[PDB]
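Novice: Chains as they are written, first to last, in the deposited numbering: chain h, 51 to 78, 82 to 158; chain b, 2 to 149.
C-beta: ideal position from N, C-alpha, C; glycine also.
The structure under discussion is supplied below as structure tokens; questions concerning it will follow.
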């Protein structure tokens with residue numbers, strides 16, 4: 051049975067650095086954990102899979118190679134993505150009173 | 002050609018400049034398709050320019066249908082009842098912007114040959130010429146060769 055479709059909307063959590071460093075400690082320690090290199094496949098998979106399970110939002114294959122460091126992972130996860138259609142993006146954008154938009158699709 | 006085309010005289014709608022200027026464009030209707038390359042420029046215009054145009058022209062009600070019939074279009078309705086339909090098929094964002102601004106600037110009067118480049122309701126201040134202007138009068142109004 052198909053589960054309810056996962057909404058692609060994602061708002062980065064406020065305690066995101068804390069959660070990320072907790073996961074980094076769980077997976078891997083030294084000072085400046087931002088600069089920990091993910092050249093190891095095991096460690097990269099563990100960290101990214103944990104983050105994907107926890108936040109409901111995975112790094113796409115296209116961006117997977119540019120996650121060279123925990124800093125890169127943090128940058129990827131602190132950028133929001135909204136799944137609202139263009140209809141919503143326009144209508145909920147403070148339309149002037151003389152502008153009317155309707156969608157029949 | 003002029004002879005194979007209707008013509009009119011220069012005119013305004015309701016003496017549009019005497020007391021105040023009233024923008025004659027009152028309604029714009031953009032029929033735009035979600036999919037279809039023909040309305041890509043229209044989609045970008047709706048995304049980037051229609052809001053600014055709407056707030057620049059508060060007297061014009063703008064509708065965006067997002068489901069057209071045939072080609073994507075903009076229907077401009079004017080105060081005098083004129084309806085001008087312009088296809089925005091395969092037009093770029095800037096092309097559509099210029100077209101919409103032209104619709105906003107023009108009046109609803111037909112774009113046909115205009116007979117005169119001017120229109121006066123009072124062409125004469127000193128009195129229109131008639132054959133008896135500049136003609137001197139004669140004593141007792143005697144016409145030429147009149148005996149008395």
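Using three-state DSSP, classify residue 73/h as helix, strand or coil.
Specialist: Position 23 of the first chain, counted from the start, is the residue given in the question as residue 73/h. The answer is helix: DSSP assigns residue 73/h an H, G or I state.
Novice: Between the beta-carbon of residue 119/b and the beta-carbon of residue 11/b, is there less than 9 Å?
Specialist: Indexing the second chain from 1 puts residue 119/b at position 118. Indexing the second chain from 1 puts residue 11/b at position 10. Yes; because the gap between Cβ atoms is below 9 Å, this pair is in contact.
Novice: Should the stretch 116-124 of chain h be called in touch with the stretch 141-155 of chain h, which here means at least 3 C-beta pairs below 8 Å?
Specialist: In short, these stretches do not touch, since the Cβ pair count stays below three.
Novice: Whole alpha helix (DSSP H) runs in the stretch 19-50 of chain b with 4 or more residues, listed along the chain?
Specialist: Entirely contained in the stretch 19-50 of chain b, the alpha helix (DSSP H) runs reaching 4 residues are, in chain order, 41-49.
Novice: Is it buried or exposed for residue 22/b, if we count other Cβ within 10 angstroms and need 16 for buried?
Specialist: In the second chain, residue 22/b corresponds to position 21, counting from 1. It is exposed - the Cβ of residue 22/b has fewer than 16 other Cβ atoms within 10 Å.
Novice: Does residue 63/b have its Cβ less than 9 Å from a Cβ in chain h?
Specialist: Mapped onto the second chain, residue 63/b falls at position 62. Judged by the 9 Å Cβ criterion, residue 63/b is in contact with chain h.
Novice: Applying a beta-carbon distance threshold of less than 8 Å, which residues of chain h neighbour residue 67/b?
Specialist: By 1-based counting over the second chain, the position of residue 67/b is 66. The contacting residues are 140, 154, 155, 156, 157 and 158.
Novice: Any beta carbon from chain b within less than 9 Å of residue 72/h's own beta carbon?
Specialist: Mapped onto the first chain, residue 72/h falls at position 22. No, residue 72/h does not count as interfacial toward chain b.
Novice: Verify whether the separation of the beta carbon atoms of residue 101/h and residue 112/h is less than 9 Å.
Specialist: Taking the first residue of the first chain as 1, we reach residue 101/h at position 48. Taking the first residue of the first chain as 1, we reach residue 112/h at position 59. Yes, the pair counts as a contact, with Cβ atoms nearer than the cut-off.
Novice: Let me make sure I understand the geometry here. Which of 134/h, 74/h and 114/h has the alpha-carbon closest to that of residue 60/h?
Specialist: Sequence index remark: in the first chain, residue 60/h carries index 10 (1-based). Comparing Cα positions, the closest option is 134/h.
Novice: Count the C-beta pairs between the stretch 65-74 of chain b and the stretch 82-96 of chain b that are closer than 8 Å, then say yes if the count reaches three, no if not.
Specialist: Yes, they touch.
Novice: Can at least three beta-carbon pairs, one atom from the stretch 100-109 of chain b and one from the stretch 122-129 of chain b, be found at a separation below 8 Å?
Specialist: Short answer: they don't touch.
Novice: What would DSSP say about residue 75/b, mapped onto helix, strand or coil?
Specialist: For the purposes of this step, residue 75/b is identified with residue 74 of the second chain, where counting begins at 1. Reduced to three states, the DSSP call for residue 75/b is strand.
Novice: May I ask you to report which of helix, strand or coil DSSP gives residue 56/h?
Specialist: The residue given as residue 56/h occupies position 6 in the first chain. If DSSP states are grouped into helix, strand and coil, residue 56/h belongs with coil.
Novice: Tell me, to the nearest whole angstrom, how far the beta carbon of residue 42/b is from that of residue 96/b; I am working on the premise that it is less than 8 Å.
Specialist: Numbered from 1 along the second chain, position 41 holds the residue referred to as residue 42/b. Numbered from 1 along the second chain, position 95 holds the residue referred to as residue 96/b. That pair is a contact at about 7 Å.
Novice: Starting from residue 86/b, follow the beta strand (DSSP E) in both directions and report where the run begins and ends.
Specialist: Residue numbering aside, residue 86/b sits at position 85 when the second chain is read from its first letter. Here the beta strand (DSSP E) through residue 86/b covers 84-88.
Novice: With distance defined between alpha-carbon atoms, name the residue in 102/b, 29/b and 93/b nearest to residue 39/b.
Specialist: As a first step, residue 39/b is located in the second chain; it is residue number 38 there, counting from the start. Comparing Cα-Cα distances from residue 39/b to each of 102/b, 29/b and 93/b, the minimum goes to 93/b.
Novice: Give me the Cα-Cα distance between residue 115/b and residue 104/b, rounded to the nearest whole angstrom.
Specialist: Counting from 1 along the second chain, the entry for residue 115/b is found at position 114. Counting from 1 along the second chain, the entry for residue 104/b is found at position 103. When rounded, the distance between both Cα atoms is 18 Å.
Novice: Just verifying my parser: in three-state terms, what is the DSSP assignment at residue 65/b?
Specialist: The sequence position of residue 65/b within the second chain is 64, counting from 1. Strand.
Novice: With contact counted as at least three CB pairs below 8 Å, one residue from each stretch, are the stretch 2-9 of chain b and the stretch 51-68 of chain b in contact?
Specialist: Verdict: no, contact absent.
Novice: Determine the extent of the beta strand (DSSP E) in which residue 153/h is found, giving its start and end residues.
Specialist: Here residue 153/h corresponds to residue number 100 of the first chain, with the count starting at 1. Looking at the DSSP string, the run of the beta strand (DSSP E) that includes residue 153/h is 152-154.
Novice: How many angstroms separate the CA atom of residue 101/b from the CA atom of residue 29/b?
Specialist: Within the second chain, the letter at position 100 stands for residue 101/b. Within the second chain, the letter at position 28 stands for residue 29/b. Cα to Cα, the separation comes out at about 9 Å.
Novice: With a 10 Å radius around its C-beta and 16 neighbouring C-beta atoms as the bar for buried, classify residue 132/h as buried or exposed.
Specialist: Against the first chain, residue 132/h aligns to sequence position 79. Exposed.
Novice: Is the separation between the beta-carbon of residue 84/b and that of residue 65/b shorter than 9 Å?
Specialist: Residue mapping note: residue 84/b aligns to position 83 of the second chain, counting from 1. Residue mapping note: residue 65/b aligns to position 64 of the second chain, counting from 1. Cβ distance not < 9 Å, so residue 84/b and residue 65/b don't count as in contact.
Novice: Name, please, each residue of chain b whose Cβ falls closer than 7 Å to the Cβ of residue 151/h.
Specialist: Your numbering for residue 151/h matches position 98 in the first chain. Ordered by position in chain b, the residues that pass the 7 Å Cβ test against residue 151/h are 55, 59, 61, 62 and 63.
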